[PDB]
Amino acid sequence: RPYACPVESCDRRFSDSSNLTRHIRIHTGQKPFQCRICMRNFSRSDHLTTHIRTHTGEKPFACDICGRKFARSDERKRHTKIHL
């Protein structure tokens, strides 16, 4: 991996450039995105998008078997396996 985190004793190498800057926000504690509803700060925009659904109750991901809806894709993925 071309990109390396220059923060002391942190051995993380990333391949994508944007992923390095994303990872750097962990060490710097920077949180560029805020939630308009609860005013909480997040390090990432994609986590903010899914966080907002905890307020609005929006669930765009439905299980193909029973039709149960979830706010995030991974929750639906983890759910679908129960029907096995």
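A residue's number is simply how far along the shown sequence it sits, counting from 1.
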**Complete:** Higher avg CA temperature factor (66 to 74 vs 5 to 13, as deposited) belongs to 5 to 13
**Message:** Quick check for you: using the entry's CA B-factors within this chain, is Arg44 in the lowest, middle or highest third?
**Reply:** lowest
**Prompt:** Comparing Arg22 with the other modelled residues of its chain, is its CA B-factor in the lowest, middle or highest third?
**Reply:** middle
**Complete:** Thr54: C-alpha B-factor third of its chain, per the entry, is the middle
